[PDB]
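Next up: just one chain, as structure tokens, the form deposited in one PDB entry.
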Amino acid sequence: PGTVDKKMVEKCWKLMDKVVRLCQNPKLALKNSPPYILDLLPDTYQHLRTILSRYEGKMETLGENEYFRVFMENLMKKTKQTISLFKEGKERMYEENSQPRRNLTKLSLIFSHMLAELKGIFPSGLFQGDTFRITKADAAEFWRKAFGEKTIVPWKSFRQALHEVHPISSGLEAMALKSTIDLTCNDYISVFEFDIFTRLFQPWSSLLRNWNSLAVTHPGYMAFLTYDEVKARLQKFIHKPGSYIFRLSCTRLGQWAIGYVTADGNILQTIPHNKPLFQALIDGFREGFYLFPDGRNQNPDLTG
């Protein structure tokens, strides 16, 4: 990624401005709920405006920062990709179940993850990536030993370092892992993305066994799904109480959100607290709430 100057941030602002205008089309019927692209892009502009204001007179420091160069490169690519999506999708952007519309929804999630990462690394406009707090002690020790105080590393470097502690059994498994951990879809792993993954799939001691049981082989897990998509996907199971799915919370990154059909005709979503996802799923099955993952009659046996 090349050096980021003030002109490059202004070019991204223009591209984001085009995406905002595309997403103001009333044919989209865009719901004002996270992730909401019409909030995320102006909020990203404002945080970049904040970053630039903290680096007045020291723009050479900001331009050389590796994380910020990777971030701006990804921001330009993602906005260009959204513009191309509208250009090629044409009228299919407004059909609610179309693939081009689903691609826009996934991109909206990516913009939300990117803003969350940017605020985690530049909390008040100043770079603090070297002192980021990985929330699980064992995961923090892994990153420190493998990468010191780095904020971002290429996927290849990350896979190699992880494999030495948690062996990855195959190339296909490594691609599934990458797709899970790389929330910003930039082929890099930030310390912020690593924290999120290791909080979601704790304990560290059995990290990849947990991820395999909760995501790789579990029909209830939904990658890159939003609150509104979970409610929509459960509608077909409104008469099948106990149908449930789960996914990453968008607004509380690092925590799980479980959606389920109640016995009284409601579709509710909850964020487990003070217990790991596996125990929430086990207790929920025993108590009758989480019986049918994605509406399927067989539920995985996690008591093992």
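Rigid core (definition): largest C-alpha set, two forms, superposition within 1.5 Å. Residues carry their position along the shown sequence, with the first being 1. Residues that one form lacks are left out of the comparison.
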Between 99 to 107 and 223 to 231, which has the higher average C-alpha B-factor in the PDB entry?
-> 99 to 107
Comparing 190 to 198 with 143 to 151, the higher average Cα temperature factor in the PDB entry belongs to 143 to 151
Could you tell me which one of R247, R54, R252, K275 shows the highest CA temperature factor in the PDB record?
-> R54
Which of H113, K178, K87, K119 ranks first by CA B-factor in the deposited coordinates | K87
Would you please rank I238 by its C-alpha temperature factor against the other modelled residues of its chain and give the third it falls in: lowest, middle or highest?
-> lowest
For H218, the third of its chain by CA B-factor is the lowest
If you rank every modelled residue in this chain by C-alpha B factor, which third holds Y94: lowest, middle or highest?
-> highest
Chain third (lowest, middle, highest) by recorded CA B-factor, residue given as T44 = middle
Once the chain's modelled residues are ordered by C-alpha B factor and cut into thirds, is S33 in the lowest, middle or highest one?
-> middle
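The same protein also has a form solved in complex with a partner chain, omitted here; what follows describes it.
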Contacting member of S157, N103, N74, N210, with respect to the partner chain in the deposited bound form [4.5 Å, heavy atom] | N103
Tell me, out of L183, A215, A116, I152, which residue has a non-hydrogen atom within 4.5 angstroms of the partner chain in the deposited bound form.
-> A215
Could you tell me if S179 has a non-hydrogen atom within 4.5 Å of the partner chain in the deposited bound form?
-> yes
Report whether the minimum heavy atom distance between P203 and the partner chain in the deposited bound form is within 4.5 Å.
-> no
Quick one: is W143 in contact with the partner chain in the deposited bound form, heavy atoms, 4.5 Å cut-off?
-> no
Consider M175 of the chain shown here, and say whether it contacts the partner chain in the deposited bound form, taking contact as heavy atoms within 4.5 Å.
-> yes
So in the deposited bound form, are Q81, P219 and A223 all sitting within 4.5 Å of the partner chain, heavy atoms only?
-> yes
Of the candidates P219, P167, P123, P154, the only Cα that travels 2 Å or more between the shown form and the other one, given a rigid-core fit | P219
Does superposing the core leave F237 with a CA shift of 2 Å or more between the shown form and the other one?
-> yes
Would the C-alpha of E287 be classed as shifted by 2 Å or more between the shown form and the other one after rigid-core alignment?
-> yes
Core fit, then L40 C-alpha moves 2 Å or more between the shown form and the other one = no
What parts move between the shown form and the other one when you lay the two on the core: runs of 3+ residues, each CA off by 2 Å or more?
-> 218 to 247, 257 to 304
